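Inspection log for the structure reproduced underneath, given as structure tokens.
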Ligand SMILES: O=C(O)c1ccc(NS(=O)(=O)c2ccc(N3C(=O)c4ccccc4C3=O)cc2)cc1
Ligand SMILES: O=C(O)c1ccc(NS(=O)(=O)c2ccc(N3C(=O)c4ccccc4C3=O)cc2)cc1
């Protein structure tokens, strides 16, 4: 209907409308749907959270500086605090999810900059120490944005993650991250990215409080830039919504 | 129609008629035609020079002495000066051509002599120095006839071509050159040779200002001979006409 | 069999198949015809030697160990992983999930070791390569009851014949081998990182059956893997920076490209 | 199956199938019947063992190199060209363009080298012949990562068995291999002359897998080429003067024929 | 007895063979099959996706996010060169680490068109026109816009749809080309020139950026597999 | 097992043999075919062409 | 039964009979030609048609 | 299928079955008999008929 600048994604109670943007990028060509009986490995009865764990959970906003390295938020561990998603993953052994990762950032028409919004499934990060693994408090968020750096993280005995924008903390060239579903938030025109992740794993259902199946990375390829004066604080706000959640094996609260 | 002494080849504007000669020798059995889509390697759109690059370009005349070694003219590099053929090969990366090589030489009926007119595709000449390659200014013409010699070219550090009539500057016996399409210009009777070359290469189209697909060689097997007096200057004039020219990849002027 | 070009000609209408935002995460398909005019060109080129399987199905050496026939280490041991050779590893790490069968070929070659032993004469060493499934028994001394191969597969190969070959089917707890695992094995998120039990096909031990020559002989078992019946899902960036560890993705930061001169130079340094 | 003669008889009409100018570049076909009379003779002779393929499809040795199993040159290297042997080369240079598949057979034979080393005993050397496609990696030290044969084909051959054989298909950028190239690779017409990239199937390296005997052993890899599925276009004169270089047609002038006595002598000198 | 004579070719192991085999544990029941999203069945699925080209290089414009951005600025004289690199993927130090080029280094041959999408990431009021030209090998790269015109060019007029695809068509004298450097075949020169200088109003930054993306076309094929040179190891990973 | 007894003739390499073979890179797609002029299919095509005989010989 | 299929030709027939009990011991499926770039390329919800601009 | 063809006799039958995936690994085409000397011999435009002189 008319212009494609408009979009409106209603999931449950919360709606995200955007005045101006572009197309929604759908997964690898699959939209998250429930797991059928010919893939169901669980023998127990699953719950149906429906609309009450499919609302757009608005994670922490982070401020984009004129020159800023980039950010990443793990996916089952950014929602391990918010709402009933954070409950269910803890009371249930197995969980299965899809996402609507919607990154929204506005800017004036005198500002320029360009974010790459990718969603890397299975981002296994390296480490500054070449024989130690990361910690679980540097590697993961807490719904907070972890940010990289533009200089190598110095080696020692530290278990801090290796964080360099250009290697993406994985040891792959940053410019090749575009294979994975993504979109760009070029501030010239297009002010949001919508990436619909379908459930991707080697097993049909997996624990979410020990395994992080998706990692969102928002990397500015063209630094934010403008003239003197104006506004100097253009945040990037992430709204993520679980989609087609399904759990099994009703244990008890844990870690 | 009547006598076969007559022939008349009209290509575009220029016509070559000959009062007396013999049959036209057609290629290997193929007459040059345009390259079809099942051979077209180029993805670009080719030009059609038509009649304006299909006229008989009359190259340099050379004087046949009583005893003279022989001559050769490279084919895409004898026409790299004359007319629009010399332009097109320089503005276009790829080119494809056929030829009508018509060697004309007249003589009186008190003169004798006999030329072999062959067209050697891919004449890769040796060198006087047995470890150096030829130069590009001795090896090639400039539309001028390069002539061989009857004594071996002395070795040194020189990059001058090895030129001996009897080895044809290739290291093959001169008497075996007749496989290739040819004709004889026996001055007794028959005063021209017409050899219709079709495009011959391993690739469908190739640059012409770096590769010379045909080499015309005119070798006198029976020296010109006559009695004292009369005329003493029987030239050999070469008229070559491109046939079914086609170019691609409209670059800019080069070498 | 690839696609073909077709005749076009001039264009002056509002079509502009060129101009289109690439900000939408959509990689547009533009043919020659759109930016110029190109006649009908038939292409017979074949995009076969580029299939996922054919790419991965090439035997690559994953490892090799040495074992003296008379001394200390009379047996070698290897936990099966393709993560010991850079070459094969980088090909597998071009996909997040892969599923395949393996063909294990072992190229065992013996070399005499310098010694002052008198009258050294070999009587054709016979080698035993034994596969021990994950959670099997573990041999120590080379004479242990473990080497009886009661249920454990083994190839017995007499030297000077076609190299031993055996197949392994797809053995994974899951439904695909994970080439990248983000997660721990422990619920408290400590310990090993991405050392998940899905790509751990037990151990493979090898030893000399006989006592060979009187003198010492050292043999070199070279292991070859060849992926048959491959299915690969989720493509991902090839590794840039060099590998550092055989179970981690640890790396030292390095260049983004090979450097040259200016932005307008036409020749690589 | 060749043609047959048929009865003729006297001829007194204006036919003269003999007299005809050969100045027109037309090689006339004259039978026995035209210059005499010959009755009907049936010929069952067969012009098969003269076909283009059968002519060229004979295995010819193109080269051989040597490599010590313990010392310096532990590997040999060869840029594939048929231009290293006079015999095969002259047959190929009877055609301007040829297209074919290759069958590479390697006849590796080992010879012990004299030494004062004590108790030299071989344990069946295994040789590796590896094909490196054009623009591949180049091994240096014989232990380089290059020899992992990650994608590069290799034949592993244990000594004392049928010699290794492998096929190569037709690999050419163009649509035929050029046996004679008149042109340069450089647009300024300098540098190499007729060193075109169409007959350059990379390099082939070979080495000893094992450490063989305690003493030195030198092995000799002999390479055999055999053209299958041959198609040959544009015939041309066979080479007269001897070859001088493996990439040029350089020559020293020599005789046009072997000499004899007079023009009317009936016996060769 | 069935008479047979072993042809030479037997008793060898190739590193690219394919045959029947004896099994290990026989009758093993393989796990089921899941239809996990994003199945790959051909390398051309991966090769036809855009990847950012790190066109800029200096010596520290190859260790940051400065590599991927191509500096564009308003210069009063028009005919200035924006960038320039040869098209010779899998050898050129501009495409040596891109997604297309990295797949290409496992192959010796390649054929097909290549798409260079240039995306203007300037201000939203900045304008400019660029003459993106590809000049086939026939001479040694233009040094003026007046020479670049003669080639196959596309004038890109900016203003909404912040990308414009200059599609480089197949111009070669052969049905394949080498990935590794050769001089029998070459790939010409890709240059960009200002057609009409970057006009930027007040309060808008006068230095913008362009991004270059490399992708394969659908008329693309690679042939003859070899193994990469851009990966290495010394001792085994312990 | 299919009983066979190797007849003598096996385990040799002739220089004029002809057999099936294992391929190198499998599934390689050979380049197209052009109908380049002057195809040769028999040596009698070449042998039935005139060549000048150097009948005279002396020493120069 | 004997499965007969054309050899991979550029521009014929080989018998092949599986001889082993398992189906994990059969020769590789080198021939298996399929292409479907509507996945990673153009993953968008509503396909952009090449005749107008993607955005309004 | 099995291709049966006569052995090259002077003046019978052999089974041959291609066993390899590629068609570049099949045995040579030793039998392939054709002759057509209307090429290099007599390449003239208008064929000279043997009953009169070529020239007038
Ligand atoms: O290879 C295995 O299957 C095999 C090898 C060692 C093995 N371990 S054991 O149970 O400790 C064992 C250890 C030694 C012997 N053993 C001897 O001590 C001996 C002395 C003289 C002749 C024979 C033998 C002989 O077998 C038998 C069994 C089991 C099986
Ligand atoms: O053949 C190849 O595939 C192969 C040979 C050498 C090679 N190059 S390397 O990456 O420099 C390398 C160099 C040496 C070793 N290596 C050792 O240093 C060693 C010591 C003791 C036991 C085994 C080994 C062993 O493999 C492994 C790799 C790669 C592969």
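Protein chains in written order, with the working numbering: chain R, 1 to 255; chain F, 256 to 510; chain C, 511 to 779; chain Z, 780 to 1048; chain V, 1049 to 1286; chain D, 1287 to 1346; chain W, 1347 to 1402; chain B, 1403 to 1458.
For every residue, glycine included, the Cβ atom is placed at its ideal position computed from N, Cα and C.
Not one heavy atom of ligand 2 falls within 7 Å of the beta-carbon of residue 919 (chain Z). Secondary structure of residue 1156 (chain V) (DSSP, three-state): strand. Residue 241 (chain R): member of the beta strand (DSSP E) spanning 234–250, first to last residue. The three-state reading of DSSP puts residue 628 (chain C) in coil, since its state is none of H, G, I, E or B. No heavy atom of ligand 1 is found nearer than 7 Å to the CB of residue 1282 (chain V). Judged by their CB atoms, residue 1421 (chain B) and residue 1361 (chain W) are nearer to each other than the 8 Å cut-off. By the rule that beta-carbons nearer than 8 Å mark a contact, residue 444 (chain F) touches chain B. One residue list follows from the rule of a beta carbon closer than 5 Å to any heavy atom of ligand 1, given in chain order as C:653, C:654, C:655, C:657, C:658. Taking one beta carbon from each stretch, the segment 1116–1129 of chain V and the segment 1259–1267 of chain V have 3 or more pairs nearer than 8 Å; the two touch. The segment 83–92 of chain R and the segment 217–234 of chain R do not touch, with fewer than 3 CB-CB distances between them shorter than 8 Å.
Beta-bridge annotation (DSSP): residue 987 (chain Z) is paired with Z:906. Straight through space, the alpha carbons of residue 860 (chain Z) and residue 1328 (chain D) are spaced by roughly 25 Å. Burial state of residue 174 (chain R) is buried, judged by a 10 Å Cβ sphere holding 16 or more other Cβ atoms. In the DSSP assignment, residue 340 (chain F) falls within the alpha helix (DSSP H) that extends over 338–346. If you check the C-beta of residue 105 (chain R) against ligand 2, you find no heavy atom less than 7 Å away. Per DSSP, the continuous alpha helix (DSSP H) segment holding residue 871 (chain Z) begins and ends at 865–871. DSSP assignment within the segment 525–607 of chain C yields the following whole beta strand (DSSP E) runs of 3 residues or more, N-terminal first: 570–578, 585–589. Ranking V:1226, V:1064, V:1097 by CA distance to the CA of residue 565 (chain C) puts V:1064 first. Taking CB atoms only, residue 1357 (chain W) has a neighbour in chain D less than 8 Å away.
Taken through DSSP and simplified to helix, strand or coil, residue 1148 (chain V) comes out as helix. The nearest non-hydrogen atom of ligand 2 is less than 7 Å from the C-beta of residue 576 (chain C). Under the 10 Å beta carbon count, residue 294 (chain F) is surrounded by 16 or more other beta carbons and is classified as buried. Chain order gives no chain V residues near residue 1012 (chain Z), where near means a beta carbon separation below 9 Å; the closest approach is about 17 Å. The segment 1078–1094 of chain V makes no contact with the segment 143–157 of chain R: fewer than 3 CB pairs, one atom from each, lie closer than 8 Å.
With a cutoff of 8 Å on beta-carbon distance, residue 185 (chain R) and residue 191 (chain R) are scored as near each other. Placement of the Cβ of residue 1265 (chain V) at a distance of 7 Å or more from every heavy atom of ligand 2 is found. Residue 242 (chain R) places its beta carbon less than 8 Å from that of residue 99 (chain R).
Ligand 2 has no heavy atom closer than 7 Å to the beta-carbon of residue 1059 (chain V).
For residue 571 (chain C), the shortest separation between its Cβ and any heavy atom of ligand 2 lies below 7 Å.
With fewer than 16 neighbouring CB atoms inside 10 Å of its own CB, residue 250 (chain R) falls in the exposed class. In the structure shown, the three-state DSSP call for residue 367 (chain F) is strand. With fewer than 16 other CB atoms across the displayed protein chains lying within 10 angstroms of its CB, residue 1344 (chain D) is exposed.
CA-CA distance, residue 960 (chain Z) to residue 983 (chain Z), rounds to 24 Å. Of all residues in the segment 824–845 of chain Z, only 825, 826, 827, 830, 832, 833, 836 come within less than 8 Å of chain B when Cβ atoms are compared, listed by chain position. Counting of Cβ neighbours within 10 angstroms places residue 666 (chain C) among the exposed residues, the total staying below 16. Burial check for residue 1291 (chain D): the Cβ neighbour count within 10 Å stays below 16, so the residue is exposed.
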